[PDB]
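Handing you this structure, nothing more for now.
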């Protein structure tokens, strides 16, 4: 009996700032107890101000990103402008739902800037249920990442703390930390961490080394 | 068993220059009786009848769809259908549904509309025809009916003897079937008349 | 009133004028020739320069329809290009089904029957193009076929299509092509094109040359530029 | 091809449908056919256009068709077209009986066929059927009924009407002689002979069918040659 | 394919300075039976691209037919454009994903090796449309037995010469012969460089069985 | 199937087949509609002896709350009427409300319009007057024609001599004329008597607020004449 | 004799030529684009006092931010209006944003030329003015039966468009306010109309950056006159 | 007369009148010019209310200029866009320009041979850049296509073609600025003697070695006109 | 999930929790389960999140088209019927939807329950979701047609709160809406942790 799905691992994370958005992923591609490659990013640039993270079944990740890239150009041709972060999120909802009865085995997070230049994060289930988030972890180690973010970014369960705005510097340190911690416990997360920072200036990337085991 | 869902029994029997056809009257759904006057024998001409046992919905559908085709045939050809031709027409209707069949196994009883020669047959649910010179049975108590018919039937029975034989065969057969009975109707077809009787029967 | 509007209409004398009118479109085109020699087939085309703005190589009239099959065309070029696609698809399908390279004769027959299908109906019009198919292999040797708008297909030692067809044939008949190599033939093809070229009426032309033979290992290829230029110079000096 | 298309389903500049009108011309050259409603039944009277000596007469009728248990019809126009339409009428009647398990009311049968005829005048680019039909019948809604349909798919109910040859002359005679609400079958028969006498007399040249009710059941019968020869003799006395 | 029939085992690949080398044994297994012992599981696609296939051999022959015709089609045009290794890999990904999505997979795992624009290409495509690039690849049991040795060498020395990559591949083929019960001691090696695609074979490995006295 | 373009543009921007369809309407019997205060009235001219009057009627109910009159090809009319009847039921099914008079008008009009722009078909050769009441009890009268144009009217006429009847209604349609139910019916009869030269050859029907269509007897029409 | 997809020796599609002529049978519509918004004004052209003026709808809402004035064969326009309405809602559904005036015009014009040999047998005999507000500000577009569309500062369509366009080019300036534009188009409509302009025989609608598509009420029209 | 209504009817002289009539449609369009150097391909167009669009984006490496029926132009532009998307989807690389033009010719030929169909009444100038460098192609209602050093189509384009022939020997070696000015000068030849190129009537499209196909309109064309 | 709605004198109250789960994992505590179909119509999300969001967004699309075509706002009965007809075609294909369509039309306050099983029923009060049984208890004990506006708010808020207490799959915040004659309003959003402080 042929199965059309396999789990390929990967952890994705996005954080929305005042004037920035971060999308981060590990670079490991796995199957079973094996590693396919140590250099497989899960982040894809869509426009100058929008990045998408995708994890799950790698077959579906590849297909979906190629579909999105095509749809962006189609939209630009008929509407004479680039798609907004919000429009991409809305569109992806319909793309995912078009396969409601044979789903894309994919967890998606969109990170970028809204129309006011503010950070925007959108998270999706495999059939296109979605909402805007302040921050979100997806994929293999998401149950490991999410609680610390709730605590450190959301200030959950903390008394007598001033709810300061989140600086890029603190956000960058949090991203590195959660991934290093995930790399300790989740067998699927490791090798390297790829961080994409989206600001008005553009998208810049940073890479940090993770455990190779 | 799909054929036992509604229950039911029909038989036909050949006499000298006459035929008979009989049916139980129960309409039930598994154990539950619903009505006691369900029609299972339908006229297909002055001297030609079809009786259908099996799934009640299919009994009705086949009766109605066969009448459709027979009415068109009679209008086109300007004559009454011969019994053997009706059997073929029925066989054709049933076999069209070879891969999703009607759950009914009919019996035909009649006289040839010109020779008045007796004819009886039965068909399976996919329309394999079977012509006999004695009797045919169809329903959930086929074995009980075979036992009575084999024991009681004689050749060249007069209308009165034929009536008693098919009556006793049906009554005593259905009384050994939980899902058949609640009454018996009998039609005697002769050259000059049809005689229709309901029998005094157990109502359990 | 007229008997010449539809390919599904015979005239009282049993002609199909729409096919004849399509053949006229070929007769108005400039000349292409094919010559079958000892060890292959050579094609040459008088390609008229309609504008100096066009690139050298624009509106090719020589096509590869399979790795071993070349095609030379005359007539309405859009129709010719679509026939090149038909031929390509036919060669492709043959390999898929039968598992070897299509014999030239079979390809000619198949494409010709496609051409013919367009001569029967009011729903479609005949192709306004004639073409030559050329091939070489060790087993089959050199083969040259020509198909016209009616769908007729024959094999030739030498062939010409276009407006100077009769004048080209006269020159071709002077050759003992059976005994000659492709190297010699390219020069003769260049020569014949320069002879039949009406210099007064049509002003500027490019010579287009291709070949398939033992020297190309049964692959249809353009004649190398250096050999083409040598042939042009030979043809020019011969016309003295 | 637009060249060869005769465009059978278009309007003329006056808003006329030429093929329909030419079809009605065809019918006017067909055998005379009339129907008469009475209190105790309906009848059809037709001129036989098959009056050759070497004909066999193999059917019970030539121009009168049974449609179902409660209905018959007669036709004027192209015979072959009539065969198509009468077959279709039988199918519609049976389709209704299958669905409702009751006979189709007469007007419902007429409407259903007229919808087919109308379709041929509006789309499909085909020639219409060159047939007018007279329908006789009984139903539980309106009892004894007589209908007429023409090639466009128009129909109407009549107490008496005529189609085919000399139908204008026949409709005149009917207006004069037809006693509305007082007609029996015997007097309707008489009037039918009288009308066919003028518009056309022999028993071989006419065909008469009657529709009556007996014991809650419809009887459709084609009169035998003896009954028709006796009706012809009864008129000539008048 | 719902059910693979005749199948091939591991395919290996490694990038080196100026090209790529792939290897596959010449066996088609029918279950446990070594049935067809002289079949090629490597394909020259064009002058810059080669392809090796694990899994169903009938499905491989189909891809050879389709892809072979595709390259012929392109060469007919003679327009100076040619399918890059990356383009073949992309096409293959789409084809495999497409067949998977119809619940009618081509039952193959494939290694594409190429050299174009002074760049080595090595890509993986499986029957589900999972595709990626890596400095070394190994399908099947090769993933467990060969890939650890390949990645071990590439860790200490990322850039290999052609002879070093060839020695490393021969060592891995020896390991697979020792430890994979569907392998065979008869293999081909294909190399792509600036000069084009060469296919060498049949090749054999020398074996050591000293441990039989231990 | 047959795909010939039947309705096409001519020089000057004319759609000849539609104009010819409109000629078919003018050959039709006169039909008059008047919208009153709390009543809507339709009246039609009739063409005979020996004919059954019931069978050949030019006033037809589409739903319980909507009815229409027509002029032109009677066969085409039957097709449009039955299409509208189906649509009235589809609406009750999907929205659980009866159709508005405007909704069904819009449907009939768009059907007619489609037959002016579809291959292999000629236009419908009828105009229709559509009457009834809305949910809020507002009386309505609409007209459709072969082109698929529709408009609401206080009063209107279609068919033979529609132009004369229209000019009569323009001078006669006042508050005094539609003040009662009796005067509303009268105005329709007067409008018809202007072109029917008759009074015994007219069919008339009335529709009141949520009371369904009532066709008047010949004895009741003889009282007004 | 000749097909619907025939070219003239001058390289024009006959049917499209004839469809453009049919626009000249239509009543006059005017659109003006200002920095404060866009206004649309149309002559109703009442043909009878018995006809209800409010049942003549020549300005329609496409979405909250887009209106549409039409001229020509009005029945043809209904199918185009529906396509525009559906398309704006399709865009909202997919992208969760408003569709630009240009994009809507583009989508509608895709229908044109899609005729030939029960598909469309002929072009649509209508011209459209699309007026709305998006992120590019207020915008007016014109589309004709050929499927050509273009942005316009001020445009007139219909029978008296040539004269009205002359008037527009004289009065229009880029810094002109919306209140001026409303008055301008009403003055121009007044002079090109056959009947005397009043509050019942014209339609007027605006779309502003501030507020949604607004159809002027009877009382609002009286104020402007 | 009887030979000029159907695209399936050959005339006795071996011509198809419907195709020729379709070619007249492009002559009625406004002038457009295309030319190339060794690094760039440029489109320049005169625009005939806002001025009507003439230059359309197809892919990052391909743009087109149109002359003739606007509706046919968009139908063909959509086909072209789709072919480019398909190529990138399947092969993850741009569709070679010459391959796209072949696809256009094959597509536009089909209706020239089938009854009740008509030719595309549009001519295209196609500017592209691929592995074989910059390209200018021209497509015709006849479904024929041409590989051009430079070209002009539309009304009074004959005088633009005359300019181009005169100057084409220096096109290959021009930088981008000089190449655009050459295109503007050629287009200016089409204008009546009094009329001039303005920022309202000129549209420019450029694709090259390190530049995605970009369209310049209105204020964006000012830098190019200033140098003239 | 716990959602409820009830008609009363002053319109229809709609309330929901905000928790979404993937198995036992809490994926979100800030889901908007009250869906704004149009300014006069609300829907609710229970069952499959994508299924409700997609199909009700499709309803919003159809309702807007209807308004444009008919020049009148759609009734609650007709809107709920549209949705029921939409999903019926997909019975047995594994759609998971339980929704309440809430509005105010010509018939006054309107409230329909519609699900993917094919149910469509009008009613005075409904509760839908894993937590519905717990909300029914509280709502049924407190509900009256002649309830005051502030009393209606308190009851809806409390009923959802009590559901979040007992039902593992309900929690986060309680979101409350009020459908009035001139449209709906967002009344409040209270974190369950804040409500705990208040109620004890």
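When the chains are written out, they are named A, B, C, D, E, F, G, H and I in that same order, and each has its own residue count from 1.
Keep in mind that, in the parts below, a residue touches a chain if its C-beta (ideal position, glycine included) is under 8 Å from a C-beta of that chain, and two chains touch if they have at least 3 such contacts.
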item: Between the pairs D-F and F-I, the one where more C-beta pairs touch; value: D-F
item: Farthest chain (mean CA position) relative to subunit I; value: C
item: Central subunit by CA centre of mass proxy; value: G
item: Cα-centroid distance, subunit G relative to subunit I, in whole angstrom; value: 42
item: Computed distance of Cα centres, subunit B from subunit A, in Å; value: 73
item: Inter-centroid spacing, subunit H versus subunit B (mean Cα positions, whole Å); value: 82
item: Contacts with two or more other chains, residues of subunit C listed in rising order; value: 5-6, 122
item: Interface hub residues of subunit G, defined as touching at least two other chains; value: 1-3, 93, 116-117
item: Overlap residues in subunit F, where contacts from two or more other chains coincide; value: 4, 6, 120-121
item: In the complex with subunit F, residue positions of subunit G that touch it; value: 3-4, 14-15, 18-25, 48-52, 54-56, 73-76, 78-79, 115-125
item: Sites on subunit H touched by subunit E in the complex; value: 89-93, 96, 98-99, 102, 130-132
item: Footprint of subunit H on subunit C - complex, ascending; value: 2, 4-6, 17-18, 21-28, 51-55, 57-59, 76-79, 81-82, 85, 118, 122-128
item: Contact footprint of subunit H on subunit G as seen in their complex; value: 1-3, 5-13, 109-110, 112-113, 116-117, 142, 146-148, 150-153, 155
item: Residues on subunit A engaged by subunit H in the complex (per definition of touch); value: 66, 69-70, 73-74, 76-77
